[PDB]
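Data first, discussion second: the structure below is written as structure tokens.
Please note: Cβ atoms are built from the backbone with ideal geometry, for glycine as well, and neighbour counts cover all protein chains shown. Values quoted throughout were computed directly from the atomic coordinates according to the rules given, and no laboratory measurement underlies them.
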Amino acid sequence: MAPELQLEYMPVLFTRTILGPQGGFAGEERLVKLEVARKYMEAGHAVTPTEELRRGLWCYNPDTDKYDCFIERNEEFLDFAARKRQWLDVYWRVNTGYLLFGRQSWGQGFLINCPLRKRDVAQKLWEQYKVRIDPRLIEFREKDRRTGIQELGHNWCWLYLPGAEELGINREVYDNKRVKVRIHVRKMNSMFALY
Amino acid sequence: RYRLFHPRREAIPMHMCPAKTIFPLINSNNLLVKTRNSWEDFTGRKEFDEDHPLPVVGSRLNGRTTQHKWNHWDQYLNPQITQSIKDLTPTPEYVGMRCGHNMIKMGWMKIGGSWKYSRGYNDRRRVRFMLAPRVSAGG
Amino acid sequence: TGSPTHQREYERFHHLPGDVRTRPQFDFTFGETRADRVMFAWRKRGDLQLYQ
Amino acid sequence: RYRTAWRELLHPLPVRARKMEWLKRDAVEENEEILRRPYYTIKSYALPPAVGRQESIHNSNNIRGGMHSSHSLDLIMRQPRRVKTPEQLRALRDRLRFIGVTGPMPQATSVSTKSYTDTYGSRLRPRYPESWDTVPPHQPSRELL
Amino acid sequence: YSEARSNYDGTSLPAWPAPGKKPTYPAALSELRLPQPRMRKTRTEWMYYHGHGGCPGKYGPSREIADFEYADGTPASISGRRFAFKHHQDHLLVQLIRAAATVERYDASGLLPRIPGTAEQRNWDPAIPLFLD
Amino acid sequence: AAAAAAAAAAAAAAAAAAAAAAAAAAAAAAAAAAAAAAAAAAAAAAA
Amino acid sequence: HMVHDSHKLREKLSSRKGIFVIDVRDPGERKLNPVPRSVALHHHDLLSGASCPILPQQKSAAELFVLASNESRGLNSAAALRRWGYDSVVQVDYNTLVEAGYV
Amino acid sequence: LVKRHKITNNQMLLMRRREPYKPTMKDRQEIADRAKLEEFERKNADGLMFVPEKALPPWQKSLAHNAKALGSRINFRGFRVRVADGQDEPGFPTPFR
Amino acid sequence: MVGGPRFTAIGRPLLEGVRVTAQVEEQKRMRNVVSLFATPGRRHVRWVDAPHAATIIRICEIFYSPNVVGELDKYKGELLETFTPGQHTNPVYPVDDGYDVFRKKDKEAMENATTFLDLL
Amino acid sequence: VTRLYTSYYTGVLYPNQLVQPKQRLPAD
Amino acid sequence: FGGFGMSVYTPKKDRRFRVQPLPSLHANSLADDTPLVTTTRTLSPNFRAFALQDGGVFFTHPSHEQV
Amino acid sequence: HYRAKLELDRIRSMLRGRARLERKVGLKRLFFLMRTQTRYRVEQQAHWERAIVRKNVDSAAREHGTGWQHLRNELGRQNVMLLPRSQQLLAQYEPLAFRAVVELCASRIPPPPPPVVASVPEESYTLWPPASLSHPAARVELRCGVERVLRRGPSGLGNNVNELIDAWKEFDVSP
Amino acid sequence: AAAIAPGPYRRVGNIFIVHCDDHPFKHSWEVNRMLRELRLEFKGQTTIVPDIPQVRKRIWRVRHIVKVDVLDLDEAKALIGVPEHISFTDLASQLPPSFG
RNA sequence: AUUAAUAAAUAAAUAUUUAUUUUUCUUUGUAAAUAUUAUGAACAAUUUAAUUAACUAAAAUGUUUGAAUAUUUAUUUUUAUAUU
């Protein structure tokens, strides 16, 4: 909010939804760095704010694949768009990442002494992706339902995201009711490896 | 089990060393401190009674002791004791003739042994300008 | 750690993981001494078979 | 099922070692909870110190069934504080007297009353009974600094 | 003659209840927070509970009570190691007092943050709620 | 000695605080990008 | 949230007969518009648990009021109280308190 | 040889490094280099002071004095000898310049 | 602990009212123990002589003056108000019941031999 | 190394700990 | 156990005298009032127990001759 | 290099044949024996001895129906500080005492309560002076000390706590 | 009385008893340095430290070698057995500065 | 540790001798003079991120059920204490 920060940033209206940390939801007015702001503006994904745009804005409808969906930028629409973008952001952060875990495996071995739990998965998700979730949402596979992960190398589980039906993310993702958390367990230094 | 789950207040009990040990008058609104500062401050054992003197039991620090040879201070104070060439000793700065070997990578080693890890010592025992110009013929 | 009457030979490699911690399917000790000296054989884990 | 049996075979440590590792994890979690606890707490002068504990669940689970090493401490915390009001606290604090302090001390109470340091000096201390049961401080010269 | 003390003042908690009354018993289970595993206390844990610092010769009466005394009641001398142990106990007391004084001084100056933990712990542990405002 | 001790403390803090770094694809640390907190699908009960 | 004033006045008068108001405001604003019978806390303290012992023991029988200038701050304080186990929480403002006469 | 040390407990027997709380050799080099760089930057925070003739190192002082000897014996302001060994130009304005 | 041919008093951990008195016969050093420390690598040898200093003490008298509170039940932690020397404070019964068919049965005398009363 | 004395430390024997016999007035 | 990396070192067998295993209980063991030991023999009732003010227990038992 | 030449030639008489006859062989054998005995004492002798003591205590416990495991745990619970050597000695030479200890462990006798924490008397909070006499807290502490003095043993000072507390009046002289 | 404590309020801190349970020298030098800052160098050593942000940071760093116990100022005062009106600040001011 | 060769703060390691009380909750081996210094890795992968111990004792470490048996689908049995 400082003058220097505003100088190095620039306000921009997002014509469509971009899930990147510098992105936003359709109709969102946000201060974005000059580089990516110019990138979006030239690609057509954002435009400089104006009174007419703030009162009402045109956006992109995938049904016709054109920036021909006029919508008023009222408070209720802004709230709904913020919620929908938050849901999509959580989904994208989970799907486009690789949850690192540092655990102890005495000797060479093939699995870890202390199996991972839903609490551990939630804590690692918060640490890396800065996402808070109820551990009950995380569900392990059939192989890992009884004793947790308990294996080195590439592992993954399911993260359930309720509210997708209400928000309308039916066709915007692969499966709106599930998210595949992809994990990678490894032996790390003493300081990084607890338990 | 070597994984014991007990409170560390139990791990360090304060039952027999309450605050009264160092603040004896604390219970009477008098904050006087009598705390044994350090183990260094130990004047030694003292008999509680004259009828039960402590035994004179020899320790290795006070028994393994040699007879006193007059030093420079004693001979300066009372010249009557400078009775021999033996008493005529050199300056105290003279430790004596050197013993051991000043090995390069290990310091001073006893003459006993442990020569295997010392070769630079023997190398030294067995005993840039080209890039700079000459300002004048004579230098 | 003992005689065969208390510790079978295949149990020697019990510190390692894998099939070696399972009792071998075939034992060739009581009958005769095979020329190759293989004394135990495990169930085929695919086209691979383990012998001791 | 097949992969489950494979994982069962691929165990690095014995069961007892695994139990010890689980206990280590539990200790780590307990330390995490302790550090998670707040820095301070807002306490009332009148209420017993034991009011509002973060360990109430464990106390109910264990202490009420059987005595703990800190039974006396728990009883003291349960009992109400003996300093009811700030006025009482200030009165007691004023009554409190410091002897080893560096600065001067009031003497308006009684002229004839003399301090031990004044009577005998700083370099002299009583001949304390030096015994196993009662060990006095040694070398006040060392004690000074 | 003989001595048996568990506290510095020599006071002890009532060991024998009134006749016909159900006596109190200690908590045999370990002090682990989780209900499971349900493990009984180890001998070392019992030593800690009863006051000895895990070992018979570390703390408690076996360390604080003189091992001998003259028949006429005259006590024993102050050994160097006895003085060192007394200094160690005074050092533990000094550590506790100095830590408490530091906490009080920080509170008075206003340095004790209202937030539960540090930045590292807060961003590592989800259990700490968000205090943004 | 003060400078060396301060540098050692700073190095220890830097090497021991940031245990894990957010994935570069999600947000590039070298580009100053940072990820905010998404508490949408969260819970308030002390689980 | 906001409620009528006469009902709050009568409830505070003939229901509590004590102190049940927790004030979460900046010191300057608290001094500008003080309330003598309301205890001044900080929402961070409420959420962290530093106020647990002072808060009433009987969770069910204790209904609390929160005095704040920001609706978000009041909601955060109410959430902290509910997390600590106080679901009977209401929000009031200085104008409502003055109109009731609690000031 | 290895420096043997008098033990005070079996923990000292198990110990490998005499000072576990001390960084390894490479970390020591890194920390020393960082500390030296920080000290150098702190020293150079102010500009490069143009020290007088008498303050120059022993191998420049006498050369400068001999170069300016004549001006010293015949006093008139505005006489400066453009010697070569003098301090190099910093390149930016400084408080002492 | 204190005890005799007919009683035994334990301390938890210690006891009171026990007068154990002895006479310090000698203050000497016991047999020397020689610790020879050497390593095949370095030509250094250390010869430590540990004569364990000891005091030889001959016990002259042992007396006990206990203060008993009252009779204490074993199978229950309660302590009795009334002491009855003519009745066992904790009676004992045989093990055999017939339900355990594969039970190692000892000789009948040992299996059920009643015990006398040690206070009459 | 450096010692913190966080654990019990046995005081080192030193010549200043000699049991000094107190001066006694003569018997005559 | 030990992984592939660890080098095998056949240790000397512990030729010590191991204490024999005891019967185990799941309820009595976890009960706080009831101790682990379960001793009740022919001469058990003759070991009368009395309390002591200090805290100890005074046992009255028959003599070696009587046993 | 120093070797225990003179020290070991003395005991060289304790060997046989070549070692006892030839100085070098005897000295080498004695040096090796001393080093091996030192190593055994410092790394295995204690283990062997304490295992033997454990087995003796376990056999006594088995004869009495118990075992080493339960006996050790119950000794810890009851706060009976008998080292394993002491337990073996008692079992071998005082079977009745060992049986009494086992009976104590078996019985549901409440183990001793944990040590008490120092308690601040109300006299400390009592104001002094209220607005020649003694502080009430100091008087209480003196009474406790006199009680300990009297209870430590059958001293001839008398059992009158008040009389002992008023001792200084005996030496005081009326003006 | 189902109401907030009606009286003046005093802030009370905490004190951490930190006990070393694993060989500190077997970890990286950063862990050993944090333990030494906590005044720990060998297994089985226990120390008493204030509840402050720096100590919390150190304990968080070395939480897998350290077992922690908490003691409010009230609990510590009761443990040491001193009058409630006396202050640990007063005790600290009284005790000597050249102790160890 | 490692820069041959024009105006660039500083090689390090080991050893010897020697030097500096700078404030912050705790903790912390920094510097100088001098002597010596070939005990020697090829690829791939990834990455502006991953042999020591004073004595005595104590002492906590550690062969069926996504099948099997059977007949022309039904059956079967799927915590502790303690030891370096």
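All of (1) closer than 29 Å to residue I:24 by Cβ; (2) buried (at least 20 other Cβ atoms within 10 Å of the Cβ); (3) more than 7 Å from every other protein chain (Cβ to nearest Cβ) hold for residue E:59 with one exception: (3). The residues listed here are D:32, D:8; of these, the one that is surrounded by fewer than 16 Cβ atoms within 10 Å (Cβ to Cβ) and not small (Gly, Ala, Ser) is D:8.
As a summary of the residue check, residue F:38 satisfies the conditions (1) facing chain A (nearest Cβ under 7 Å); (2) touching a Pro at 6+ places or on another chain (Cβ under 8 Å); (3) not basic (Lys, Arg) except for the one numbered (2).
Tallying residues that are more than 10 Å from chain D (Cβ to nearest Cβ) and of a type in the set (D, E, K, R) within region B:3-26 yields 2.
For region J:2-28, which positions are touching a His at 6+ places or on another chain (Cβ under 9 Å) and under 30 Å from residue H:23 (Cα atoms)? Break it down stepwise before answering.
Here is the first cut: in region J:2-28, the ones touching a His at 6+ places or on another chain (Cβ under 9 Å) are J:5-9, J:11.
Passing the criteria: J:5, J:6, J:7, J:8, J:9.
Among the candidates I:8, I:21, I:89, the residue that is surrounded by fewer than 17 Cβ atoms within 10 Å (Cβ to Cβ), polar (S, T, N, Q) and away from chain B (no Cβ under 14 Å) is uniquely I:21.
Determine whether region B:105-123 contains at least one residue that is assigned to a loop (DSSP other than H, G, I, E, B), within 24 Å of residue J:17 (Cα to Cα) and within 14 Å of chain I (Cβ to nearest Cβ). For region B:105-123, residues assigned to a loop (DSSP other than H, G, I, E, B), within 24 Å of residue J:17 (Cα to Cα) and within 14 Å of chain I (Cβ to nearest Cβ): absent. Taking residues in region E:23-40 that are under 14 Å from residue K:28 (Cα atoms) and at the interface with chain D (Cβ under 9 Å from one of its Cβ atoms), and partners anywhere that are near RNA strand N (Cβ under 7 Å from one of its atoms) and among the hydrophobic types (A, V, I, L, M, F, W, C), the pairs with Cβ atoms closer than 8 Å and at least 6 places apart or on different chains are E:28/K:30; E:29/E:39; E:29/K:30. Taken over region I:61-81, the residue count meeting the criterion of being at the interface with another protein chain (Cβ under 9 Å from one of its Cβ atoms) and exposed (fewer than 11 other Cβ atoms within 10 Å of the Cβ) is 1.
Please specify each residue of region E:41-56 satisfying the condition of being at the interface with another protein chain (Cβ under 7 Å from one of its Cβ atoms) and either among the β-branched types (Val, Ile, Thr) or in contact with a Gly (Cβ under 6 Å, 6 or more places away or on another chain) (or both). The answer is E:42, E:43, E:44, E:46, E:47, E:48, E:51.
I'd like to check something: does region L:77-96 contain any residue that is within 11 Å of RNA strand N (Cβ to nearest atom), within 22 Å of the chain's Cα centre (by Cα) and of a type in the set (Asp, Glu)? No: region L:77-96 contains no residue that is within 11 Å of RNA strand N (Cβ to nearest atom), within 22 Å of the chain's Cα centre (by Cα) and of a type in the set (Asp, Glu).
Answer yes if at least one residue in region L:4-27 is in contact with a strand residue (DSSP E or B) (Cβ under 8 Å, 6 or more places away or on another chain), within 11 Å of RNA strand N (Cβ to nearest atom) and not small (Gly, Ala, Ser), and no otherwise. Steps first, please.
Going residue by residue through region L:4-27, those that are in contact with a strand residue (DSSP E or B) (Cβ under 8 Å, 6 or more places away or on another chain) are L:4, L:7.
From the residues that got through so far, the ones that are within 11 Å of RNA strand N (Cβ to nearest atom) too are none.
Checking region L:4-27: not a single residue is in contact with a strand residue (DSSP E or B) (Cβ under 8 Å, 6 or more places away or on another chain), within 11 Å of RNA strand N (Cβ to nearest atom) and not small (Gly, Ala, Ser).
For (1) of a type in the set (A, V, I, L, M); (2) in contact with a helix residue (DSSP H, G or I) (Cβ under 9 Å, 6 or more places away or on another chain), each residue gets a yes or a no:
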residue	(1), (2)
A:33	no, yes
A:45	no, yes
A:68	no, no
A:74	no, no
A:83	no, yes
A:94	yes, yes
A:122	yes, yes
A:133	yes, yes
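Pairs under 9 Å by beta carbon, first residue within 14 Å of chain G (Cβ to nearest Cβ) in region E:105-133, partner within 12 Å of RNA strand N (Cβ to nearest atom) and of a type in the set (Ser, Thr, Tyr), six or more apart or different chains? Every condition considered, the pairs that remain are E:112/E:106. Among the numbered conditions (1) crowded, with 24+ Cβ neighbours inside 10 Å; (2) within 9 Å of RNA strand N (Cβ to nearest atom); (3) farther than 27 Å from residue D:100 by Cα, the only one that residue M:55 does not meet is (1). Figure legend. Inter-residue proximity from region I:15-37: first residues of a type in the set (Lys, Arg), second residues within 16 Å of RNA strand N (Cβ to nearest atom), beta-carbon distance below 7 Å, spacing 6+ or different chains. Indicated pairs: I:28/I:54; I:28/I:56; I:29/I:51; I:29/I:52; I:29/I:53; I:29/I:54.
Entry remark, region B:1-15: residues being within 12 Å of RNA strand N (Cβ to nearest atom) and more than 18 Å from residue E:6 (Cα to Cα) number 7 in total.
Please tell me if residue H:11 is polar (S, T, N, Q) and either farther than 30 Å from residue I:44 by Cα or touching an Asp or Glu at 6+ places or on another chain (Cβ under 6 Å) (or both).
Values: polar (S, T, N, Q): yes; either farther than 30 Å from residue I:44 by Cα or touching an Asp or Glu at 6+ places or on another chain (Cβ under 6 Å) (or both): no.
Answer is no for this residue.
If only residues of region L:41-76 that are within 10 Å of RNA strand N (Cβ to nearest atom), polar (S, T, N, Q) and within 17 Å of residue K:20 (Cβ to Cβ) are counted, the one that is surrounded by the fewest Cβ atoms within 10 Å (Cβ to Cβ) is L:69. Of the helices (runs of 4 or more DSSP H) lying entirely inside region H:17-97, those containing at least 1 residues that are within 12 Å of RNA strand N (Cβ to nearest atom), farther than 30 Å from residue F:1 by Cβ and away from every other protein chain (no Cβ under 14 Å) span H:58-67. Somewhere in region F:19-32, is a residue more than 22 Å from residue A:88 (Cβ to Cβ), at the interface with chain A (Cβ under 8 Å from one of its Cβ atoms) and surrounded by 12 or more Cβ atoms within 10 Å (Cβ to Cβ)? There is at least one residue in region F:19-32 that is more than 22 Å from residue A:88 (Cβ to Cβ), at the interface with chain A (Cβ under 8 Å from one of its Cβ atoms) and surrounded by 12 or more Cβ atoms within 10 Å (Cβ to Cβ). Criterion applied to B:66, B:43 was being of a type outside the set (A, V, I, L, M), out of contact with any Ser or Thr (no Cβ under 9 Å at 6 or more places or on another chain) and surrounded by 12 or more Cβ atoms within 10 Å (Cβ to Cβ), and the one residue passing it is B:43.
If you check residue I:42 against the conditions, is it in a loop (DSSP other than H, G, I, E, B), within 16 Å of RNA strand N (Cβ to nearest atom) and closer than 30 Å to residue B:112 by Cβ? Considered against the rule, which asks whether it is in a loop (DSSP other than H, G, I, E, B), within 16 Å of RNA strand N (Cβ to nearest atom) and closer than 30 Å to residue B:112 by Cβ, residue I:42 comes out as yes. Answer yes if at least one residue in region L:104-116 is in a helix (DSSP H, G or I), within 23 Å of the chain's Cα centre (by Cα) and crowded, with 22+ Cβ neighbours inside 10 Å, and no otherwise. The answer is yes; a qualifying residue exists. Taking first residues from region D:1-23 that are more than 7 Å from chain A (Cβ to nearest Cβ) and partners that are basic (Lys, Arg) and near RNA strand N (Cβ under 8 Å from one of its atoms), the Cβ contacts under 7 Å between residues at least 6 apart in sequence or on separate chains come to D:9/C:21; D:20/B:3; D:23/B:3.
Please go through region B:84-125 and pick out each residue that is among the small types (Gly, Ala, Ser), away from RNA strand N (no atom under 11 Å from the Cβ) and surrounded by 10 or more Cβ atoms within 10 Å (Cβ to Cβ). Explain how you work it out, then say what you get.
So the first thing to find is which residues in region B:84-125 are among the small types (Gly, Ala, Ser), and the list is B:84, B:96, B:100, B:107, B:112-114, B:118, B:120.
Now narrow it down to the ones that are away from RNA strand N (no atom under 11 Å from the Cβ): B:84, B:96, B:112-113.
Once the filter is applied, which keeps residues that are among the small types (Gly, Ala, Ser), away from RNA strand N (no atom under 11 Å from the Cβ) and surrounded by 10 or more Cβ atoms within 10 Å (Cβ to Cβ), region B:84-125 yields B:112, B:113.
Can you confirm whether region D:41-56 contains a residue that is away from chain G (no Cβ under 12 Å) and part of a helix (DSSP H, G or I)? Among the residues of region D:41-56, not one is away from chain G (no Cβ under 12 Å) and part of a helix (DSSP H, G or I), which makes the answer no. Every test in (1) among the charged types (D, E, K, R); (2) within 14 Å of chain L (Cβ to nearest Cβ); (3) not in a loop (DSSP other than H, G, I, E, B) is passed by residue M:84 save one, and that test is (3).
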